[PDB]
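Comments concern the structure below.
Residues: numbered from 1 along the sequence shown.
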Amino acid sequence: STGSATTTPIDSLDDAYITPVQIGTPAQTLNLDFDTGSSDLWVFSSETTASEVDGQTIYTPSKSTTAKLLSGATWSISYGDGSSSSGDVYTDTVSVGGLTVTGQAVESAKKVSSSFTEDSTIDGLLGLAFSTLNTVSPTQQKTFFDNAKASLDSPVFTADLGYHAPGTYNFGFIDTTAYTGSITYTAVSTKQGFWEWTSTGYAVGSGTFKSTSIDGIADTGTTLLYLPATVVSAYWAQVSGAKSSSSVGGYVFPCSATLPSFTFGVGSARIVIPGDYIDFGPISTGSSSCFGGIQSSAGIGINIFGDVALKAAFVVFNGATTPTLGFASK
Ligand SMILES: NC1=NCc2ccccc21
């Protein structure tokens, strides 16, 4: 089998991407944040604290003839931005772009933190990291991809995120029309539960390439590109007026600036992030100070190849016995 779904930025800044997901019988379609940085499928639901729902579409298990309460199971998760959610668990039929999994763990939110409440466009998350990170207790549950894998034509999924435009998530095949040149594959460590790999270096604008190993994770659920402070300092030093701001929380730059591109290495191959991808707009409405899309990972404890980097590429999440990651230009 295969599936193919369109993913859409939630706002004009590409702050995140939502993909329609069908849950239950009859289908309830919710717009979920496909997150290769986490491993829980959780949704706003009829069980969510009334006051914490503000425009989201909810999953109502009582309306689904195929939903079953997973007895005694609970979940609780905290993400890297300090956000969190928790609740109970159902199993139900879940379909993504024509690909169907029966008996998928659908984690129903009883509580969500304010950032979720405040974002009416995201109805929940669909995790695509390794199931070893899944938070369900006392019986850990598998991800949609893990459950579908044996059924797929090939045990892969691909992420093709757009810059201020829709993109695609494919399951089970590689669309050879969706990228240019060849796909370069690179080793993955699953030891922390992530799609963790090692970039071979970087360049700033028309700068010479710096060969240096940068370990980090391919994370579609993170908006920005988080890299070592040395790398980030080298980038922003090429932008007149750019500065690290403690008050704002990162590098800012004049909104009048033209940003240089940023290149990262995949083996001997190179992926170029155009400068405009690194502009995340005024720090506050009306400000002429803009927030940077490349930020230091110092204090995060891990480098993150978030959407700013991934949207520059066609990315293969290869779920074979020994997983690997592939990158192509597009
Ligand atoms: N993977 C993720 N990075 C940041 C974040 C916030 C909320 C949910 C998922 C993520």
Side-chain angles (χ1 to χ4, degrees), residues 34-39 79-80 127-133 143 145-146 155-161 174 179-190 192-205 207-236 251 260-274 277-278 292-330:
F34 280 29
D35 180 14
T36 62
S38 72
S39 300
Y79 303 98
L128 293 166
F130 293 97
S131 308
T132 56
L133 293 178
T143 62
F145 179 51
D146 214 330
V156 304
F157 71 88
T158 63
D160 177 11
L161 307 178
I174 291 184
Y179 58 90
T180 62
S182 77
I183 303 170
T184 297
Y185 293 86
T186 198
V188 163
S189 170
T190 65
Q192 307 216 293
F194 299 122
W195 291 93
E196 189 171 1
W197 64 291
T198 294
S199 172
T200 49
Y202 72 98
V204 177
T208 59
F209 189 81
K210 168 61 142 184
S211 300
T212 181
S213 299
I214 308 161
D215 179 288
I217 63 172
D219 185 1
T220 51
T222 292
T223 310
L224 307 185
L225 170 50
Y226 296 87
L227 290 173
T230 49
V231 177
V232 177
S233 180
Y235 177 79
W236 290 110
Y251 279 93
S261 63
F262 186 90
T263 299
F264 64 92
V266 191
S268 67
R270 305 287 173 256
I271 302 288
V272 181
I273 302 169
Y277 290 25
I278 297 165
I294 298 175
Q295 294 297 341
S296 176
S297 62
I300 286 178
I302 194 137
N303 303 306
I304 308 175
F305 295 88
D307 300 332
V308 160
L310 303 183
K311 73 170 83 165
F314 174 91
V315 190
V316 183
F317 296 80
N318 177 12
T321 306
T322 308
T324 62
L325 272 173
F327 293 80
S329 295
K330 68 196 191 184

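With 3.5 Å as the limit, one finds a donor-acceptor pair spanning the side chains of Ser131 and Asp146. If you check the side chains of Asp219 and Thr36, you find no donor sitting under 3.5 Å from an acceptor. Side-chain contact check for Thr324 and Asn318: at least one donor-acceptor pair (N or O, by modelled atom type) lies under 3.5 Å.
Rounded to the nearest 0.5 angstrom, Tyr251 OH and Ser296 OG are separated by 7.0 Å. Interatomic distance, CG of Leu310 versus CD1 of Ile271, reported as 10.0 Å (0.5 Å rounding). Distance check, rounded to the nearest 0.5 Å: OG1 of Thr263 to CD1 of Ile273 gives 8.0 Å.
Panel note: side chain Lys330, backbone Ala313; a donor-acceptor pair is recorded below 3.5 Å. Side-chain atoms of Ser199 come within 3.5 Å of backbone N or O of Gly201 as a donor-acceptor pair. Of the possible polar contacts, one joining the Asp35 side chain to the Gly221 backbone as a donor-acceptor pair under 3.5 Å is found. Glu196 contributes no side-chain N or O that, together with a main-chain N or O of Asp215, makes up a donor-acceptor pair within less than 3.5 Å.
Within the 4.5 Å cutoff, no side-chain heavy atoms of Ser39 are placed close to those of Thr132. Using a 4.5 Å cut-off on side-chain heavy atoms (C-beta onward), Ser297 and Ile304 make no contact. Counting only heavy atoms from C-beta outward, the side chains of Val266 and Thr200 never approach each other to under 4.5 Å. Within the 4.5 Å cutoff, the side chain of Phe130 has no heavy atoms near those of the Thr143 side chain. Under the 4.5 Å side-chain criterion, counting only non-hydrogen atoms from C-beta, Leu128 is in contact with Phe34.
No close placement of the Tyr202 and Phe264 rings is indicated, their centers lying 6.0 Å or farther apart.
By the 6.0 Å and 45° rule, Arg270 stacks over the aromatic ring of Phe209.
Heavy atoms only, all atoms of each residue included: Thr198 and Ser213 are closest at CG2-CB, 3.6 Å. Between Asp307 and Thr220 the shortest heavy-atom distance is OD1-O, 2.6 Å. In terms of heavy atoms, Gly293 sits closest to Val308 at O-CG2, 3.7 Å. In terms of heavy-atom proximity, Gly193 sits nearest to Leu133 at O-CD1, 3.4 Å. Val272 and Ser261 get closest at one heavy-atom pair: CG1-CB, 4.0 Å. The shortest heavy-atom contact between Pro260 and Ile278 is O-CD1, 3.9 Å.
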task = Check the pair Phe305 / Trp195 against ring pair (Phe, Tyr, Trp, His ring centres under 6.0 Å), numbers first and verdict last.
result = CA-CA 10 Å; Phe305 295 88; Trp195 291 93; over 10 Å; no
message = Please determine whether side-chain contact (heavy atoms from CB on, under 4.5 Å) holds for the pair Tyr226 and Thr222, giving the CA-CA distance in whole Å, both sets of side-chain angles, and the decisive distance to 0.1 Å.
response = CA-CA 9 Å; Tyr226 296 87; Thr222 292; 3.5 Å; yes
request  = Check step by step if side-chain contact (heavy atoms from CB on, under 4.5 Å) holds for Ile294 and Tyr277.
outcome  = CA-CA 10 Å; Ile294 298 175; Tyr277 290 25; over 6 Å; no
request  = Decide ring pair (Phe, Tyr, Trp, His ring centres under 6.0 Å) for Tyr185 and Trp197; before the verdict, give the C-alpha distance in whole Å, the side-chain angles of both, and the deciding distance to 0.1 Å.
outcome  = CA-CA 10 Å; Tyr185 293 86; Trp197 64 291; over 10 Å; no
inquiry  = I'd like to know whether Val231 forms a side-chain contact (heavy atoms from CB on, under 4.5 Å) with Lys210, so could you lay out the CA-CA distance, the side-chain angles of the two residues, the decisive distance to 0.1 Å, and finally the verdict.
reply    = CA-CA 10 Å; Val231 177; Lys210 168 61 142 184; over 6 Å; no
request  = Could you go through the side-chain contact (heavy atoms from CB on, under 4.5 Å) check for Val316 and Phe157 one step at a time?
outcome  = CA-CA 6 Å; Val316 183; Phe157 71 88; over 6 Å; no
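Of the residues listed (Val156, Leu325, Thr158), the one engaging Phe317 in a side-chain contact (heavy atoms from CB on, under 4.5 Å) is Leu325, and it is the only one.
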